[PDB]
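Every chain is named by a letter (A, B, C, D and E) in the order it is written, and numbering of its residues begins at 1.
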């Protein structure tokens, strides 16, 4: 028509105008008119007590929303249907919920999984949670042997258990509850792609709660009581095990790890940086001097001097540097390859030292925690190529005796030299992993290492573009141009005669055509077919546009967004890996670096219950202090939020209005 | 503008030490693989800079020049041949040179672009107040007497 | 110089105490102040009328 | 020592504890204890009335800060030294300043340039400004024939004049006041390096005020009364003249300009885009048909057809496209050259049309507004190369008669062909300036054009790096090499024989070595000097690192920050240039594109009628605007603490009055 | 808390602060950071300082070079040094009249206060 008719499609019963006067009496703060209207309401005919608006509000709630406790005492003095009014008393953090605890299909606003203590934990109010635990309320355990209720109810249970007040109260130790809950919520967010950000939010909440308990640690003996609690530094090991990147790199914790890392050094971190370079240089030069000791006399000044973990790092990395200067020296110095040089004879204790060090590293931690870090996998590939290299040198020495250059092209000396060179690339890229100790080159290296996983998602797409244009240029050019009468037959050849002939040759031609290293005369046919040459050069041109312009600048943009997202969490991430580095040098069994790891390098009971009860009650005493001052601290921080909702004005408004209705009731 | 670039230089110089260790890495590899495989001293010109590029991976210093100039498009593929017939060492050497070009030109250099995107975003907030500090360091070196009558 | 700094510290302290007022954010404890400024007045007037 | 002592270094007098009881009688709202203590204060024994805290807090101010008007009436009933208390009544927007207006070296908190109406304009409260204009208060004019007071006082005067309530009140028309003040504050921010962001902030305030008056225009006849007010569309021409990029691209004004741009197309902007391409294609094909008319009969359907400005754009740009397809056709077709082909005989009316069009464009607007836009300068260079081309063709035809290739190397046919080709590059890059009409290719082109000025600041640094490494590589390679036997002698040759020989050759070698186009055998010496070859290749290497690894990625980062700063304002600043494109086709005298370009008391009655009509419309807009901003002052989603300081005394004074009536 | 009135109420009774330098470990660095956090407030420097520009400059220098010493608590001492560097600019902002500004920027205990400001890297005092 010309107009639209607006009618209430979903009908509401509404209420008798006398009932509207009763709900006008309440919420205005009338202690007189509500009492008069309820005494009238005893007579059944005039009005009903449990009257409900078309918009919620069944009488009792209005006395909670407009926070007035005398009307709650008046309505609970009568028989008002409570229903879910206790839960509405929990949301607003009204501590008049005592009056709903101590005393006394209908459109419940809440999902029916909600018990009072679940919604008490969601509001994170310490007082109401203490008021509900004192009566005794349980939570269901989450594990299982129609579908929205199950995942919603499990997320409400984990959302309730992850609150820092059912972990401050009702936990034997809140650090294990925060750590194990952060683990179960993280690994639970990986299970369900749906509800991913909510379980990640809860795991971030548990990871922040533990740092906010560390922040309350004064008097550093308490910090050692926390970080030594074995049910060494067992708590830190268990914190690094659960990836608690904010528990570690608390500034209190790094004081403990930094002093532990600097045993006898005095004000080492106060000296000049060039003096630090001189001390690290001359300690790095004397690494066989300190490590011949601890084999002669481990109870000695030099034997106790390498037991200090900052000196273990300079001895371990200094030994590794001399291994690398010796590999620099290897290339500056017969098919029957024997001891080719004195260099290799010097190399074998270092290589057996790294193989022993990686097997010894795999004897503790397991292949899961070993295979989690990428540098250990790089050590596996490196040392595997060292075993292949020395095995092909031995096998090359036996059963071979002498053409100069002519050889089998799979002669094991050549494969030994090639795998040796690849193992030198992988061996001398380990110095990058030495950057996490430095404070300037540290966070940079870990930000790049964090962008690598976003690059490797991108190169898949590029590999499918390579398979695409490789199929296309091979298919078009394996008939038209083929040369078998040529001398050098590859892209490498100075002439570049065949590029797209075969598929592997085409993959090399496109991969090298990322760079400016393959010329156009590549795409010419020895015959005279200008159509297939033009189609092939257009094929190669759109490859260069999609790869060089379309995708590589998308990779730049992707690393711009990823590096923006990384550098926020760079400092707290760097220090977690710096502790991982530091805390691998605290333990004994791990001193005496690689050439001295196995041999000197060749010239070529009621007291258990007493300590458990001692340490247990001591730790629970410290926890009692930390949970006390923590709950006081967060309650303090609840007050300061710099924002006032509209229901605070709703509280002041009735504070004035009920006082008006009472003074005017006493004056008239 | 000049002071924002001067501000980004200290973040570049932290970056080039990583690249120097990558140069040390692939230089150790390509020297170690190509010092025996090929040599040939019967050349009129004998380096990368020559018109034919005869020996590039032969010496460590020659390999450092070959990788550094292979950042740019200035070193051709026929560099990685062997005068003898060893297709395996030529392929492993060209794969090592290829992963050098991927790590240096595709991953390392665009990470440097991203790093200068974040650093230049962090600098240009405090650009106006830090330009004028250096402008008064320039101005206030001309207020005193004893420094007039130029060079 | 101490007279000039007397003037600057005077008008500076006045300026920052002026800027403490205009923060565009009220914490909840301000409502905790107004609520007791009504509540004590309630329990005093009701103490004088009863 | 072991401690550090803390003493009050800047000591002041401490008020007598009775005076502390008097200043504790105020700040609580006592209407009884203040009155008793002041009646006691008439006796000079116990308390002086004008008592001052060590922290401001004069007795009167506390009654203003804690906003209580009855204590202001009580203190002004007595003789309290007011001083600067009126100004403190202005800051808090207390409308009890009436009581300080109608009635009645000391540490003034304010700079002594501050009159009441300047600080009334800084607070932007309409009511207090109306209360001070009704008494009659003037502002000093800013112009001049010890130094902080002068620039601070001028910035307070311009800060007061730029407020949208001394422009809503006290201005004959607030659009000229907003436009001219935005101009004077922008061009005043360019004068003073210091205080740049503050005058730019005030000019942005004036530029927002005008758009916020156009937002109050309902009933589109009012919008035409505003946008036609000549003291055509004179107010939009004057708005584009003052770079009011937010006045233009209000959504109300772009409907007037869009409907003006579409005269007799009923709902053109609703059709399918391919149908739009067909209509623009066949109107673009019939350009000579519509433009032979308006020469035959300008009072005719086809003569009035080309007077519509959307059809002028398709005829002008379609004619320009056929000029460019004809330049494509020129290269697909004797020292003493003629007008050699039929092509250039066809070209000459096109070229004389553009020269006439640019001289005709320079007859109106002046060389300042003409030289402000860059495409007009590009037209100047293009048509200058056209004059040089045809002049060297005519000069080449006379006094020359025939070696086919062996020529002078400066022979005017070659210079004519080279300048003709450069003029074709410049001529066929004008199609990019056709992008502002399109809604998808529009804001992109203007964002790139706004990054160009940030690129050109960067290339001067790069030119100094070129002079640096060019001085080095020339200085090192001038001696060691100079192959003067080679058949081909430069970088462009097949062998690249001498590249760092001379300075110009070195500049070409480094510039082309930005790209991968110069090999390494360039840096050899014909002699055997490995040290100078290595130092030269290290200099060339550090040139490649500074230019390609540091300098060019810094340019990428710079364009990342600049493009982030541009794309916030990209859409509004696109539409300003789109109305600069649109509004150049509204006027007559400018039709008939390039090849067809050449070949009395009633005045006072209309001035009073338009003047009183426009003042009535502005009466309505200022009324509903002031109502709109006073509505928006209420909703700010933030309460300062002094609101709680108002409610707390509104309870406290009521307490000390009820307790005064019951006891 | 940076409240001027309560600080004036406590200085009038006479209260001292320990000096930070010395010849179990959380109390020492936490107590040191509370002492420097208290001395860096712009009301102990408005009161209880002979001249607050030298106190702001020298405290910004000791808090910056103290943040370089301790890698832990780095952002907190940098925050306090930024607070001291903002305080000096917020005292310049209160300079009305050219003559006063020259009294400040000529105070040798030339332009000695500008030279001493550039010496302490006060990039917001300058500009």
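Miscellaneous remarks
Quick note on the criterion: a contact is a pair of C-beta atoms (placed from the backbone, for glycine too) under 8 Å apart; a residue touches a chain by one contact, two chains touch by 3 or more.
Two chains share more touching C-beta pairs than any other pair, namely A-B.
Here the spacing of chain B and chain E, counted between their Cα centres, is 44 Å.
Chain B and chain D have centres, each the mean of its CA atoms, that are 42 Å apart. With each centre defined as the average position of its C-alpha atoms, the distance from chain A to chain B rounds to 34 Å.
Residue positions 73, 113, 117, 121 of chain B are each in touch with at least two other chains. Pairs of chains meeting the touch criterion are A-B, A-C, A-D, A-E, B-D, B-E, C-D, C-E, D-E. Touching chain A in their complex are the following residues of chain D: 516, 556, 560, 639.
If you check the complex, the residues on chain C that touch chain D are 2, 5-6, 9-11, 13-14, 17, 20-26, 30, 33-34, 37-38, 41, 44-45, 48-49. Against chain B, in their complex, chain E makes its touches with residues 110-111, 114-115, 118, 123-124, 126-127.
Here chain B touches chain E in the complex through residues 128-130, 132-133, 136-137, 140, 143-144, going by the rule given at the top.
If you check the complex, the residues on chain E that touch chain C are 4, 42-43, 46-47, 51-52, 90-91, 94-95, 100, 103-104, 107.
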